[PDB]
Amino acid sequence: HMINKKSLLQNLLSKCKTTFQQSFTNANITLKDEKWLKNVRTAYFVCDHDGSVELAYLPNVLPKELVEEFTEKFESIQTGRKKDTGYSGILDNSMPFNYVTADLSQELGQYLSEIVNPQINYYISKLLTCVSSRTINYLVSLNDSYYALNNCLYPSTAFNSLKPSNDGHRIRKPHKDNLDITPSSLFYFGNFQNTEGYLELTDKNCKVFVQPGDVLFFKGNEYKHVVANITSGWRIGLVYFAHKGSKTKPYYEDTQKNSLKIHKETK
């Protein structure tokens, strides 16, 4: 009727250590209803009474060369972009169907889908096979086309470019991601200080200090969250997520406006 924290953490760390081939020191774990650590600089897990992981933070899982390489390219592409966000894969937003994102054909989407996602997906696989099996079991039940389009288990990738003193960015405003049917997987890039650009869970009073190469697995639909400002550097991050629509709404294999016309005549 109640899981003991000591044993569960021993198991999660054991599986993580063998899969990621690195030891996570000073790891901690807390039930979702309990008091959460105010500051997380090390491996961290939260869960419900049943023991399913609703949050997992693994520091520095990505290899240095990989993080550095993707950072230089991201910043290069983003310089030639206006908006501070981008999306690859599919989106159902504001439509009763899943559509291919506009960025996919652009330089950013091409980079994410063809180069980045295939490599990151392996680390997403490492991650889910450790902390949450139900998530990966669910993701593979989706349409074959999504996996092909985004070259990932997640149908959708969000690209967030946060420069200093930008308070207008959607990640700077406390929110839940309410269309999420599963916990998202987050990866960080760029360069910023470890006292800044942290992810704060507002209602849990918990600050996760995230750094390039770190991974964060958590439910955005349940736990309200916000990202702190940076005074220097450049904070770039990738969010792999799945909207409810991906399972429910139909898919016309085209962009938003085109998929809409097709939707009408489909009747």
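The first residue of the sequence shown is number 1, and the count goes up from there.
- Stretches 31 to 39 and 218 to 226 differ in mean CA B factor, with 31 to 39 having the higher one.
- Of the two segments examined, 232 to 240 and 199 to 207, it is 199 to 207 that shows the higher average Cα temperature factor in the deposited entry.
- Between the residues 88, 143, 125, 178, it is 178 that shows the highest Cα B-factor in the PDB record.
- Each of 183, 80, 155, 109 has a CA temperature factor in the record; the biggest one is found at 80.
- Ranked by Cα temperature factor within the chain, residue 63 sits in the middle third according to the deposited record.
- Residue 138: CA B factor in the middle third of modelled residues in this chain (values from the PDB entry).
- Ranked within its chain, residue 116 lands in the lowest third, by CA B factor from the PDB record.
- Compared with the other modelled residues of the chain, the Cα B-factor recorded for residue 56 ranks in the middle third.
- Per the PDB record, residue ranking by Cα B-factor puts residue 147 in the middle third of the chain.
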